[PDB]
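Notes to accompany the following structure.
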Amino acid sequence: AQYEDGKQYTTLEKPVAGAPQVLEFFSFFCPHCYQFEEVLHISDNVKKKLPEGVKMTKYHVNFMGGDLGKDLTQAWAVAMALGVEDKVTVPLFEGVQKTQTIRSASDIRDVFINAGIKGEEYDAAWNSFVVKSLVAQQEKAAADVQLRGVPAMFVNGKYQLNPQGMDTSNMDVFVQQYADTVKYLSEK
């Protein structure tokens, strides 16, 4: 067929119950993740094609960058709690990988301050148990799909995107194929 198990996607041996409809894992330390988000804009292209009633969820991972990697997972939880994901994604990616001015938890906070999040608001969220649960949720999700690497995307807790089985192309055919495959999976 046009879309084939083992080609554009694989199937989880153990489907995850109650998973987000479209779940992406990433790290701000991850060079491929920088390419995926900031150059290829995969998330954005996926969302443009998604079915009515399907939302995209994005979780950070701890395993790259040691202490700072975990600080970034905690900061991403703060971003989800405050609903400011689309204001901090670009400057966090740029601060970690382009300027490399993000080296400490305080440097992360500066990005939020600069994007207009009040200090008080950020600090209350950072130290909150709502954010601690959001960190645990991200960690649990990684365990549930038995995550090996980033970037990664899973659909309906059942299927895993397989970019290595797509065409590496003009980046644009690649991105269209990735996005098309997510839409196909969402209706599967």
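Following the order of the structure tokens, chains are lettered A, B, ..., residues in each are numbered from 1, and ligands are numbered from 1.
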
- Message: So that I can see what lies close to residue A:108, please list as an MDAnalysis selection string the residues with an atom at most 8 Å from it, counting only C-alpha atoms and leaving out residues fewer than 6 positions away in the same chain.
- Response: chainID A and resid 72 75 92 102

Stretch 70-131 of chain A residues near stretch 32-56 of chain A within 12 Å, closest pair each, using only C-alpha atoms, as JSON lines:
```
{"residue": "A:86", "atom": "CA", "partner": "A:44", "partner_atom": "CA", "distance": 11.0}
{"residue": "A:89", "atom": "CA", "partner": "A:37", "partner_atom": "CA", "distance": 8.9}
{"residue": "A:90", "atom": "CA", "partner": "A:38", "partner_atom": "CA", "distance": 7.3}
{"residue": "A:91", "atom": "CA", "partner": "A:38", "partner_atom": "CA", "distance": 10.4}
{"residue": "A:92", "atom": "CA", "partner": "A:34", "partner_atom": "CA", "distance": 10.1}
{"residue": "A:93", "atom": "CA", "partner": "A:34", "partner_atom": "CA", "distance": 6.5}
{"residue": "A:94", "atom": "CA", "partner": "A:34", "partner_atom": "CA", "distance": 8.5}
{"residue": "A:95", "atom": "CA", "partner": "A:34", "partner_atom": "CA", "distance": 11.2}
{"residue": "A:96", "atom": "CA", "partner": "A:34", "partner_atom": "CA", "distance": 9.8}
{"residue": "A:97", "atom": "CA", "partner": "A:34", "partner_atom": "CA", "distance": 7.8}
{"residue": "A:98", "atom": "CA", "partner": "A:34", "partner_atom": "CA", "distance": 9.4}
```

Could you save those same residues with N, CA and C atoms as a short mmCIF file (atom, residue, chain, number, x, y, z; two decimals), in the first residue's frame?
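Written out: out-v4.cif:
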```cif
data_model
loop_
_atom_site.label_atom_id
_atom_site.label_comp_id
_atom_site.auth_asym_id
_atom_site.auth_seq_id
_atom_site.Cartn_x
_atom_site.Cartn_y
_atom_site.Cartn_z
N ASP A 86 4.36 28.49 22.83
CA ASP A 86 4.70 29.17 21.58
C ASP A 86 5.42 30.51 21.77
N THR A 89 9.47 28.50 22.85
CA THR A 89 10.12 27.39 22.14
C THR A 89 11.31 27.90 21.34
N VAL A 90 11.11 28.97 20.58
CA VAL A 90 12.19 29.45 19.73
C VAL A 90 13.36 29.97 20.58
N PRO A 91 13.11 30.89 21.54
CA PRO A 91 14.28 31.33 22.31
C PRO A 91 14.97 30.27 23.17
N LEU A 92 14.27 29.23 23.62
CA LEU A 92 14.95 28.15 24.34
C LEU A 92 15.86 27.36 23.38
N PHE A 93 15.34 27.02 22.20
CA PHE A 93 16.16 26.31 21.22
C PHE A 93 17.39 27.15 20.87
N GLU A 94 17.18 28.44 20.63
CA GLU A 94 18.29 29.31 20.23
C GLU A 94 19.28 29.50 21.37
N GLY A 95 18.76 29.68 22.58
CA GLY A 95 19.64 29.86 23.73
C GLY A 95 20.49 28.64 24.04
N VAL A 96 19.92 27.44 23.91
CA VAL A 96 20.69 26.24 24.18
C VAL A 96 21.66 25.94 23.02
N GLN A 97 21.20 26.02 21.79
CA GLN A 97 22.02 25.52 20.67
C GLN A 97 22.65 26.56 19.76
N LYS A 98 22.05 27.74 19.62
CA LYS A 98 22.59 28.72 18.70
C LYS A 98 23.52 29.67 19.43
#
```

- Item | Contacts of residue A:19 within 8 Å, only C-alpha atoms, excl. fewer than 5 positions in-chain, as an MDAnalysis selection string | chainID A and resid 141 156:157

- Query: Neighbours of residue A:155 within 10 Å (only C-alpha atoms; same-chain residues fewer than 5 positions away dropped), as a PyMOL selection string?
  - Reply: chain A and resi 9+11+16+19-24+56+160-161+182-188

Deliver the residues from the most recent selection as a file, using C-alpha atoms, as a compact mmCIF listing (two decimals), in the first residue's frame.
```txt
# COMPACT_ATOMS: atom_id res chain seq x y z
CA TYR A 9 5.62 4.06 10.68
CA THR A 11 3.39 -0.32 15.57
CA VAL A 16 -0.50 2.90 25.48
CA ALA A 19 -2.23 8.54 25.47
CA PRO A 20 -2.36 11.97 23.81
CA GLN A 21 -3.68 11.68 20.22
CA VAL A 22 -0.46 13.03 18.72
CA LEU A 23 2.52 12.93 21.07
CA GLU A 24 5.95 14.37 20.26
CA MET A 56 -0.90 17.85 19.32
CA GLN A 160 5.41 5.41 15.94
CA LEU A 161 6.55 7.69 13.13
CA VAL A 182 0.67 11.54 10.89
CA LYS A 183 -2.70 12.45 9.36
CA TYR A 184 -3.11 8.94 7.97
CA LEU A 185 -2.32 7.44 11.40
CA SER A 186 -4.72 9.75 13.21
CA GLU A 187 -7.61 8.28 11.20
CA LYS A 188 -6.42 4.70 11.55
```

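Among the candidates A:127, A:168, A:101, A:57, the residue lying nearest to residue A:152 is A:57 (atoms considered: only C-alpha atoms).
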
- Message: Give me, as an MDAnalysis selection string, the residues of stretch 14-171 of chain A that a backbone DSSP run labels helix (DSSP H, G or I).
- Response: chainID A and resid 31:39 42:49 66:82 85:98 105:114 119:126 129:144 163:165 171

Given the selection you just returned, output its residues as a file containing C-alpha atoms, formatted as a compact mmCIF listing (two decimals), in the first residue's frame.
```txt
# COMPACT_ATOMS: atom_id res chain seq x y z
CA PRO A 31 20.48 18.93 17.38
CA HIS A 32 18.05 16.90 15.28
CA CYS A 33 15.24 18.39 17.38
CA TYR A 34 16.47 21.86 16.53
CA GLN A 35 16.32 20.89 12.85
CA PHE A 36 12.88 19.33 13.24
CA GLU A 37 11.33 22.35 14.95
CA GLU A 38 13.29 25.39 13.78
CA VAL A 39 14.23 24.44 10.18
CA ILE A 42 7.49 19.41 11.47
CA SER A 43 5.16 20.10 14.42
CA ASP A 44 3.70 23.06 12.50
CA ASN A 45 3.22 21.03 9.32
CA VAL A 46 1.67 18.13 11.22
CA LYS A 47 -0.84 20.47 12.90
CA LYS A 48 -1.84 22.00 9.55
CA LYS A 49 -3.10 18.66 8.37
CA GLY A 66 22.42 16.23 32.58
CA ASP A 67 21.28 18.73 35.22
CA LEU A 68 20.42 21.35 32.59
CA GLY A 69 18.46 18.79 30.59
CA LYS A 70 16.25 18.18 33.62
CA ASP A 71 15.95 21.90 34.31
CA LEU A 72 14.67 22.18 30.73
CA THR A 73 12.08 19.48 31.32
CA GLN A 74 10.97 21.42 34.41
CA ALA A 75 10.89 24.68 32.45
CA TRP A 76 8.87 23.07 29.70
CA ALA A 77 6.41 21.95 32.40
CA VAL A 78 6.25 25.62 33.47
CA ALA A 79 5.56 26.52 29.85
CA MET A 80 2.70 24.03 29.69
CA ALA A 81 1.28 25.18 33.04
CA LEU A 82 1.28 28.84 31.98
CA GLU A 85 4.81 27.13 24.81
CA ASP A 86 4.70 29.17 21.58
CA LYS A 87 6.48 32.10 23.20
CA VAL A 88 9.44 30.23 24.62
CA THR A 89 10.12 27.39 22.14
CA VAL A 90 12.19 29.45 19.73
CA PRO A 91 14.28 31.33 22.31
CA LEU A 92 14.95 28.15 24.34
CA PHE A 93 16.16 26.31 21.22
CA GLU A 94 18.29 29.31 20.23
CA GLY A 95 19.64 29.86 23.73
CA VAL A 96 20.69 26.24 24.18
CA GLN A 97 22.02 25.52 20.67
CA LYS A 98 22.59 28.72 18.70
CA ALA A 105 18.41 27.22 35.43
CA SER A 106 18.66 30.98 35.86
CA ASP A 107 19.48 31.41 32.16
CA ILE A 108 16.33 29.49 31.31
CA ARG A 109 14.26 31.74 33.57
CA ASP A 110 15.72 34.80 31.82
CA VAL A 111 14.18 33.61 28.53
CA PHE A 112 10.75 33.56 30.16
CA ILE A 113 11.29 36.96 31.76
CA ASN A 114 12.38 38.36 28.41
CA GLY A 119 9.15 36.61 37.61
CA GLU A 120 6.62 35.91 40.37
CA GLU A 121 4.52 33.84 37.96
CA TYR A 122 7.47 31.81 36.75
CA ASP A 123 8.82 31.19 40.24
CA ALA A 124 5.44 30.13 41.61
CA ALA A 125 4.99 27.71 38.69
CA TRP A 126 8.58 26.42 38.89
CA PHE A 129 3.37 20.64 42.57
CA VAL A 130 1.32 21.14 39.41
CA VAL A 131 4.66 21.51 37.61
CA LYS A 132 6.14 18.53 39.49
CA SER A 133 3.23 16.40 38.29
CA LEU A 134 3.76 17.73 34.75
CA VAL A 135 7.41 16.65 34.94
CA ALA A 136 6.35 13.20 36.13
CA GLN A 137 3.76 12.98 33.33
CA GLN A 138 6.44 13.65 30.73
CA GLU A 139 8.73 11.05 32.31
CA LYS A 140 5.90 8.49 32.55
CA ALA A 141 4.94 9.04 28.92
CA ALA A 142 8.52 8.29 27.86
CA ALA A 143 8.40 5.05 29.85
CA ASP A 144 5.03 4.07 28.35
CA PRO A 163 11.33 9.04 9.41
CA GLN A 164 14.14 6.63 8.49
CA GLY A 165 11.67 4.92 6.15
CA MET A 171 13.48 18.51 2.97
```

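Of the residues in stretch 22-141 of chain A, those given strand (DSSP E or B) by DSSP on the backbone are residues 22, 23, 24, 25, 26, 56, 57, 58, 59 and 60 of chain A.
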
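Relative to atom CA of residue A:61, atom CA of residue A:172 is found at 26.7 Å.
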
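Closest approach to residue A:4 from the set A:153, A:179, A:166, A:173 is made by A:166, with distances taken over only C-alpha atoms.
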
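Between atom CA of residue A:8 and atom CA of residue A:181 the interatomic distance comes to 6.8 Å.
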
- Item | Contact residues around residue A:158 with only C-alpha atoms at 9 Å, ignoring same-chain residues under 4 positions, as a list in words | residues 10, 11, 12, 13, 14, 15, 16, 17, 19, 145 and 154 of chain A
